[PDB]
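K.L.:
Protein chains in written order, with UniProt numbering: chain A, 4498 to 4645; chain B, 4248 to 4297; chain C, 1463 to 2019, 2028 to 2114, 2127 to 2389, 2410 to 3070, 3082 to 3098; chain D, 3598 to 3697.
Built from N, CA and C at the ideal position, the CB exists for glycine as well.
What follows is a structure written as structure tokens; I'll ask about it next.
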Amino acid sequence: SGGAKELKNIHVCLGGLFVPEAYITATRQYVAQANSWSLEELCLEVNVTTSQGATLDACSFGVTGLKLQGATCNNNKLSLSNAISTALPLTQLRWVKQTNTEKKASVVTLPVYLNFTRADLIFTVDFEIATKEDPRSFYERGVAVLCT
Amino acid sequence: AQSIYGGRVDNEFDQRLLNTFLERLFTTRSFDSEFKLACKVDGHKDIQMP
Amino acid sequence: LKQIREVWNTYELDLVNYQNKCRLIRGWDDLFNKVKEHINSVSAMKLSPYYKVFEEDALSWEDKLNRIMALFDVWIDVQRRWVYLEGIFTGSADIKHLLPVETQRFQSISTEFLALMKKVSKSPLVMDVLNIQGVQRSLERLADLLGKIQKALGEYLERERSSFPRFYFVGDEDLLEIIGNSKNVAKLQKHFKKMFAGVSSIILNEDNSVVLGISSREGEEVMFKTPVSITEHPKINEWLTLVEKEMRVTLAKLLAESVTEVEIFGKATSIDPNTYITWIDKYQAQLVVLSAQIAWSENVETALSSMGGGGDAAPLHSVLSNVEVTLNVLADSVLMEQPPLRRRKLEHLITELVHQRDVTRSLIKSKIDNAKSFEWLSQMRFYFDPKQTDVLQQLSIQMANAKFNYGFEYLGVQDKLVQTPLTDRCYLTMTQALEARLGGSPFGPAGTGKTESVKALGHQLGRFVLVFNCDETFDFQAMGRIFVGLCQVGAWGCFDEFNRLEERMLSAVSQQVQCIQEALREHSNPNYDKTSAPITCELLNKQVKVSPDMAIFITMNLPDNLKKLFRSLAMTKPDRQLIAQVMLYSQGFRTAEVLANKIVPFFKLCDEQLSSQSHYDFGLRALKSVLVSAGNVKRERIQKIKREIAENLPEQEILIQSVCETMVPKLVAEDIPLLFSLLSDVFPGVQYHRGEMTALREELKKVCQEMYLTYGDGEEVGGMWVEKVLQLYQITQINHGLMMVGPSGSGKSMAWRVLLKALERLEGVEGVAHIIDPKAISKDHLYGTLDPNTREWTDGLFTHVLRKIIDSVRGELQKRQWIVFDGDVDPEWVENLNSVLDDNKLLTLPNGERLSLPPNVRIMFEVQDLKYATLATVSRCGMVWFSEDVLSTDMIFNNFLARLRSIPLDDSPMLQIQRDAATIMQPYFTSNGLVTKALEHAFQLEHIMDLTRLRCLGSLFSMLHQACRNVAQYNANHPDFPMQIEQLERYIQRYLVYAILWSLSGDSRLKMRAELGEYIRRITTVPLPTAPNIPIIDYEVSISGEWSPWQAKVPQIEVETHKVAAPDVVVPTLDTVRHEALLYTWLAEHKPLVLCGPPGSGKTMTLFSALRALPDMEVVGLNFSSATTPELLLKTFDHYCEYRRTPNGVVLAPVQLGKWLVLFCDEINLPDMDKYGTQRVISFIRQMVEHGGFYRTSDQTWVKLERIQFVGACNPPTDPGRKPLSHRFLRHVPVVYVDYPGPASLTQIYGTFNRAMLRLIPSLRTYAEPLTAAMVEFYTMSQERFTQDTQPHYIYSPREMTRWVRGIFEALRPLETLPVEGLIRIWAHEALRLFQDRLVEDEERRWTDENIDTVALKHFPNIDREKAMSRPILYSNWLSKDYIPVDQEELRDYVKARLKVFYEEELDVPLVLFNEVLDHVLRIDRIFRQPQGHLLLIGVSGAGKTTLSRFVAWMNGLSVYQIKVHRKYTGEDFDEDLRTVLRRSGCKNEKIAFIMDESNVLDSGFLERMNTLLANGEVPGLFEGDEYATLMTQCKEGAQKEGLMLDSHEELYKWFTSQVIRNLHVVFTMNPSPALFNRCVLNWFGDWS
Amino acid sequence: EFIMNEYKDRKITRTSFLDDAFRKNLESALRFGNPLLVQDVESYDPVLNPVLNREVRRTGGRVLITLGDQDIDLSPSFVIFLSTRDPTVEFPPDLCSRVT
Ligand SMILES: Nc1ncnc2c1ncn2[C@@H]1O[C@H](COP(=O)(O)OP(=O)(O)OP(=O)(O)O)[C@@H](O)[C@H]1O
Ligand SMILES: Nc1ncnc2c1ncn2[C@@H]1O[C@H](COP(=O)(O)OP(=O)(O)OP(=O)(O)O)[C@@H](O)[C@H]1O
Ligand SMILES: Nc1ncnc2c1ncn2[C@@H]1O[C@H](COP(=O)(O)OP(=O)(O)O)[C@@H](O)[C@H]1O
Ligand SMILES: Nc1ncnc2c1ncn2[C@@H]1O[C@H](COP(=O)(O)OP(=O)(O)O)[C@@H](O)[C@H]1O
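Rendered as structure tokens:
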């Protein structure tokens, strides 16, 4: 019905895709072809929306099904929660110019798995944590985004 | 972290967890009497150091 | 015992000649197995109570048998020992000094054995020598002496290996060569590669008496400080140990001098490049890297000692600046052209200095001052102290807490590994484990760098590291001595992949490794740190001393025996980015960081975006190869720019050019646009430009014009093909051994042939190719063999070719030789070529001779899909993918038209007529309007076999050639008024349409042909056939040039009454004559073809009659069983052909001069595929067809076929046992789908027979047409219903009606004056016994009965109201003399009485005669009365099939014969039984009943023997030589008893076949192959009601 | 073992089809007239079919069994016991119908 445009506009879930890592690669290539940026000049930026805002910026890639195992998202700011497996609706995937700046101490590298068992590292997401929270606690609590 | 226990580790994230535990335990700070082996044990309790 | 006593008087020793001009015994199989059979026979007969025939003779024969066994058992072992030890004691020199006592002992033993051999030579009788006294005792004494002396030789070898520990690396034969060829040191020089680490040759004096120095494979040379002379040290072990010690000492001295020199360079800054290069050239690469490491480590240590107080001027900054200056100097130096050895040294220096930089730059400049700090202690620190007198103690390497030393063993120049953090931690953990006396066991996905990291660590410490590869490269017999050598020299071991070993090997080597590890770790006991008694393990049942330097490494991808002894590290993810960056920087590339950062994700995408094929390799090895190629390209561009510094060449274009030039040949057609899309993504705004090669392109164009091929350039036709040829040339230049891979139907062979012609024309180097097909030839005959006794080497085909090229006879290097391997690659034979394809470039024959191919020779393979090839073979050589999209259809048409316009078919009027035809047909082929549309349409329809474009077009081209020949003949018949242009145009156009119809979709059903015809009607404007209700397929293009239906060309024949349904009588019909025309068309061009059709559809008869119709065709009938081998074809040649060498080459032609021999092949698809999916005889026949010849295994000579054509026939591939033919073979042979004859065709072909038989009685002649119509029409209804899906045996063929006609004629043969109802009742009886007994349901049988009555009424209405004669419709010839119909009760009483007599006089269990038994007895009796009555008893086991068959055979007097099948029944015994029954059936006339059970069929080959025995009536592949001669004598005698003449062998064989036809009925008893279902009458012998 | 104890008086022999001396043992037992216990009947030897079918050719005071070529006398009380050790095997109808 729409060819290329709808293939980007659709909020395809990440749990059901057969090779979602290939989907991430394809999205990266699409963003590179946009503005002819080099593939290595691109790094993933993740913002969690709600109520299906779908305010795509020609680089955002709305995805659903991601499950944050161990904490909650509060306006893209993490917070440790005892209640586990908080659903994340429409975690927009953006790619921007990597400025090679030093990431501040309020960021964490969350491994994104597909299965409930953790044996397939699709990609990594850098979230901003709450002021009181620290990376050590997140690392030891075992937080990890899960597609299924 | 690299040999011994680190040899079995395969992916980066469990290696990061191993590094976190090793640095949190294996330090000169642990010599202090009021060193927490684990913080927020059942919330109010905390494992002290003998 | 009669056979046993007569066979023992004729055995011969079968003496042969030996290399020492002596006599030997051959044929152990014949002289053991038959003797054992005689022992079994005598033991059984004496055991059996029927021994009252011979009593004392049996015991005498038995003791003679045991004497023969004892004598021969001792003799064979004595002979093997004698020949082996004679070779050892004669071939090896210096034996007079090497233990002369055993030399004289073997002299005595050999003298006695040769005396015994002279005795047996005078008496070549088996028992004449047995009766000689003292033979057995002397033989036993000789065996004992040989055993003792062999033990002495073994202990001498072990002693010598213990003397020089490195001798444990070589085998016994190689060690014997080393210890014997002391004078010929050049023999020793080849063995040095295995024993030592890097040295490959020892530089000797001019007179070869003083060991001046050593060298290596690369060219690096080390001059000894103190030469050792073999003169005063004659013993090999002595002076070899001296050479080892001198190598250590020289390495130490050179290291000390290089350290002293490098202190001057490293004092401060301002290094002079001129003197730096001199220092690098002066010292070896190993020593250079060591000196750099030592200088850097000591400088950093001194700086840290200064910094220990605090900020003491930061000399670490000065050290970093000095390192940066040296790195800049090296980066500049690599840009300038350097010698390859200096280049390698400089690259090693660059990578090591990069590591030394990075360490200080990052880890150390973070405020570290203490010299005992771990972050400094972590790095590998070198400490050189030349004060120590001992050679092995001066250099000390310490990593973390470990303190190793440096064994000074020369490593040549080995490529180093960039110190990635993964490799850093690998060194850390391996060193830590080795300090704790535990071997390291890294693991991870293959191709990540485990073995290479271990080897690099071993080379760092100077340890000699052995790598034992896993797949098919383990030799457990040598593993023990390998471990002994490692433990006795202090070398290393690194198993490439330990889990690949199977369980037994894994457990054995794991136990050995556990013992080794326990012995090693005994050296570090807390209370036994001071080792007084050296630690000794147990290997090979001896206490091998353990050296502390020794270490064992294993890599996973872990055993329980080694869990507590081995440490493990995971290197799953290597660091490709840093490796790429450092490699690019070491190659002179500027901004290498960005290039690496771009290239690594590009390869990661290439593992992701592109497809998945085995030949693809995006691993770490390929990346490094691409990087070194890019460095070469950059240096070449710099050099080219110089001849018209210059640090402005864009690097990205160079990198992508290297990537493309290396990788594009391996890409498939689909991947190339994907590759360029990935390049545009990762490397945006960067373009790749092809190498022009304009000098080669002109010669390529000229060759294409002279080879009738189409040349192109870029986007035009042939551009892809010529680009593929250019890439093939590139791969030829880069390496040797390339394989060209692509789907069958591309220009693979043409590419290399054209490129060879272009190279010969351009460079002037003559090119002679050697196309060898290895699948057809035996691998043992492909390479050669050693006979067990003489051990004489007879070189194979490939071995002979390689020896001829290497031998200084003709064209050794002035001519380029291209050994092209045509066929399919698989491990069996490429195992030998593995050693030739790699960098070793050597061929180790089983005899032991090593053959290295000269540089000009290129070993190319041409295969089709590359799916059964080992990854080792694929990786060892480059390849180019010939996609099917390369060979364009329009270019096929252009080549065809050019060849037609150029080559005369009858090799000027022929050329003129060809050119006229080509001009006429031009607007169809080249234009994409008719032929391409038809081609795609035919591809999208269904065909009996897979559709290949090349076959489908070659058939079309062949028929066009035949059309041109037809026009030429038309002009020949009418000289005046020749073929005019308008008649030519019409004829050629309509014949073109006809040839499209029979080439395209010519192997499909009638409906598919009609669909093709309708599409053609839609897509053409030429004159179509007028009638639109008749298929276009039906018509024929007349020589006049108009559509004439084929039916008008169908004649009528009147076969004689005594030849009705005869073995070979074809009656012309539409399909028959049409296919006859097609077979003539293809046979004119000598084009092999195979008729594919359902069983019994009129294929063998049609093709056989077509062949014998031609006056110049001699037909030899071959049967292709499952076990059919090329040896069958070779035997056919040796029988019906003769070899002549009078032409330029040997030529094979039929013995009958001027006769075109044809080797008809029964079931060409029947031969089974081997376990690599290739049929040996199919590849052999493809070799004969394509290249027109093969290689004689006798003398390895190419012999070309003359006057030999191959034609075959086969069932559809979907049938069981029908393996589809290879696509390569399929393109050569077009196929014609011979479907079951249509209704009207059956009516005509069988009305002929009906009239023929009814002519016997004139009254019934008027009913022939209604009878034929009723028969064929009833068969019609029986054919729509009762298909094979309901029951596997419900198959119907036009053979059933042949049996019908033959049966009716047999019934009427003695009868006369039959009324119409009589003929109808006989017809009904035959219909019941052929179409109703086969059924399994009563409803089916009643339906058949109703249809029989209905068709009888509708076809002829003048029969009485009686159905046939009555309901039972019974026939018996016992009640009366003729085959008169009988009643029910009288027949029942007669059968009951005779059955009572039967079970009274032959059987022991009473038989009851109920209705089913009576009916089945009647059916089997009818079957036996008819010659070639073959019966298929299908029914439950133990229901009386065999008993009833025996009963009816006894009643009719047929002698009963059956096969005594046992567990170890073989094909030869079954063929012998077939010969016996045929002999009793052909000669000595005897009606034989051949009752085979389903369990009696032990092998499928027996079923094939039955298939060829039943339909044909004889087994062509059964009579051979002496059997043939004896059977010929018996046949000729039996001919004159019965009243015939001897005449010739051919007519006597015909008569023997007729006698088997009349006197052999085979009955098959089966429990509930479609071909076997036909040609046998099926009887549903259901379970008891 | 029950059969072994029962027919130990008759010297019943234990053997299997896998044994290469199976044919020789069968010939010896059949000639002497001793019972035979052939286990491992999964790989049934078709040479036993003449014995199982009881094809007794009592001709000229010589009862014989057509074992291969050399027919041997059928001694009375030739009881060949067949046995196996697995309970899951689908025997061919030829062997199944000839045994209890
Ligand atoms: N321009 C052309 N270049 C090469 N071959 C051409 C050209 N035009 C037509 N052809 C035909 O295409 C075919 C190329 O097949 P080729 O003989 O090179 O392959 P092969 O190795 O013998 O077998 P296959 O490719 O089926 O495995 C030949 O029949 C050749 O006559
Ligand atoms: N048109 C025909 N004219 C004469 N006889 C025919 C015709 N069609 C079929 N037959 C008969 O049918 C039978 C077919 O012969 P044959 O057994 O060689 O069949 P086939 O198709 O070659 O078999 P298979 O596939 O088993 O090798 C013969 O008995 C032949 O006489
Ligand atoms: N750290 C590294 N630096 C440079 N090259 C490497 C490194 N690790 C592996 N390689 C390259 O990879 C290739 C194959 O590695 P290999 O040792 O066969 O891995 P594996 O043990 O998994 O089979 C080697 O040619 C080697 O040069
Ligand atoms: N109609 C019958 N009446 C009596 N006995 C029969 C009959 N049919 C078969 N038998 C018995 O079956 C035994 C063997 O049958 P067999 O011929 O082996 O059957 P099949 O040929 O189906 O294997 C014979 O001993 C015979 O006594």
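Which residues have their C-beta within less than 6 Å of a heavy atom of ligand 4, listed in chain order?
P.N.:
In chain order, the hits are C/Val-2907, C/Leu-2909, C/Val-2910, C/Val-2915, C/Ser-2939, C/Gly-2940, C/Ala-2941, C/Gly-2942, C/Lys-2943, C/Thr-2944, C/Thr-2945 and C/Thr-3067.
K.L.:
If we define contact as Cβ-Cβ less than 8 Å, is C/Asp-2289 a contact residue for chain D?
P.N.:
Not an interface residue.
K.L.:
What is the DSSP secondary structure of C/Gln-2707, counted as helix, strand or coil?
P.N.:
C/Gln-2707 falls in the strand class under three-state DSSP.
K.L.:
Rounded to the nearest angstrom, how far is the Cβ of C/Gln-1881 from that of C/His-1817, given a contact under 8 Å?
P.N.:
Their Cβ separation, rounded to whole angstroms, is 4 Å, which keeps C/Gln-1881 and C/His-1817 in contact under 8 Å.
K.L.:
Using only the heavy atoms of ligand 1, determine whether one of them is closer than 7 Å to the beta carbon of C/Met-2232.
P.N.:
Yes, the beta carbon of C/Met-2232 sits closer than 7 Å to at least one heavy atom of ligand 1.
K.L.:
Distance check for C/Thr-1712 and residue 2394 of chain C, CA to CA, integer angstroms please.
P.N.:
Residues lacking coordinates in chain C include everything strictly between 2389 and 2410, among them residue 2394 of chain C.
K.L.:
In whole angstroms, what separates the C-alpha of C/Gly-3003 from that of C/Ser-2623?
P.N.:
Approximately 7 Å between the Cα atoms of the pair.
K.L.:
Around the C-beta of C/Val-1750, are 16 or more other C-beta atoms found within 10 angstroms, so that it is buried, or is it exposed?
P.N.:
Buried, by the Cβ-count rule.
K.L.:
How about C/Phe-1626 and C/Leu-1702: are their beta carbons less than 8 Å apart?
P.N.:
Going by C-beta atoms, C/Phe-1626 is nearer than 8 Å to C/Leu-1702.
K.L.:
Does DSSP put C/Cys-1956 in a helix, in a strand, or in coil?
P.N.:
It is a strand residue.
K.L.:
Quick one: which unbroken alpha helix (DSSP H) runs of 4-plus residues sit fully inside the region 2219-2305 of chain C? Chain order, please.
P.N.:
Runs of the alpha helix (DSSP H) inside the region 2219-2305 of chain C: 2230-2245, 2261-2265 and 2279-2288.
K.L.:
At 7 Å on the CB atoms, spell out the chain G contacts of B/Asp-4257, in chain order.
P.N.:
The question asks about chain G, but that chain is absent: this structure's protein chains are A, B, C and D.
K.L.:
For the alpha helix (DSSP H) holding C/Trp-1490, just list the boundary residues, first then last.
P.N.:
Here the alpha helix (DSSP H) through C/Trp-1490 covers 1490-1509.
K.L.:
Tell me, please, whether the CB atom of C/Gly-1952 is closer than 8 Å to any CB atom in chain D?
P.N.:
Not one chain D Cβ lies under 8 Å of C/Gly-1952.
K.L.:
Taking 8 Å as the CB-CB cut-off, is B/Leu-4284 touching chain A?
P.N.:
Chain A, which has no Cβ nearer than 8 Å to the Cβ of B/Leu-4284, makes this no.
K.L.:
Between which two residues does the beta strand (DSSP E) carrying C/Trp-2363 extend?
P.N.:
2361-2363 is the span of the beta strand (DSSP E), which, as asked, contains C/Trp-2363.
K.L.:
Quick test of your reading: A/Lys-4574 and A/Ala-4627, contact by CB under 8 Å. State the CB separation rounded to the nearest angstrom.
P.N.:
Right, their Cβ atoms sit about 6 Å apart.
K.L.:
My understanding is that C/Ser-2997 touches D/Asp-3691, with C-beta atoms under 8 Å, so please give their C-beta distance in whole angstroms.
P.N.:
Contact flag correct, Cβ pair sits at about 5 Å.
K.L.:
Please confirm whether any heavy atom of ligand 3 lies closer than 7 Å to the CB of C/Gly-1909.
P.N.:
Indeed, a heavy atom of ligand 3 lies less than 7 Å from the Cβ.
K.L.:
Output, in sequence order along the chain, the residues in the region 4263-4281 of chain B whose CB is closer than 8 Å to any CB in chain A.
P.N.:
Under the 8 Å Cβ criterion, the region 4263-4281 of chain B contributes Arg-4263, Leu-4264, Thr-4267, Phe-4268 and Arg-4271.
K.L.:
Report yes if the C-beta distance between C/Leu-1604 and C/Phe-1575 is below 8 Å; otherwise report no.
P.N.:
Taking 8 Å as the Cβ cut-off, C/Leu-1604 and C/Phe-1575 qualify as a contacting pair.
K.L.:
Helix, strand or coil for C/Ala-3027 per DSSP?
P.N.:
C/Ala-3027: helix per DSSP, three-state reduction.
K.L.:
B/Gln-4249 touches chain C at which residues, Cβ-Cβ below 8 Å?
P.N.:
Those within 8 Å of B/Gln-4249 in chain C are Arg-1887, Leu-1890 and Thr-1891.
K.L.:
Give me the Cα-Cα distance between A/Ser-4498 and A/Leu-4553, rounded to the nearest whole angstrom.
P.N.:
The alpha-carbon atoms of A/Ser-4498 and A/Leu-4553 are separated by roughly 19 Å.
K.L.:
Using 7 Å as the cut-off, classify the Cβ of C/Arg-2729 as near or not near the heavy atoms of ligand 1, replying yes or no.
P.N.:
It does: the Cβ of C/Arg-2729 is within 7 Å (strictly closer) of some heavy atom of ligand 1.
K.L.:
Can you round the beta-carbon distance between C/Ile-2922 and C/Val-2899 to whole angstroms, since I take them to be within the 8 Å contact cut?
P.N.:
Actually they are not in contact, since the Cβ atoms of C/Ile-2922 and C/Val-2899 sit about 18 Å apart, beyond 8 Å.
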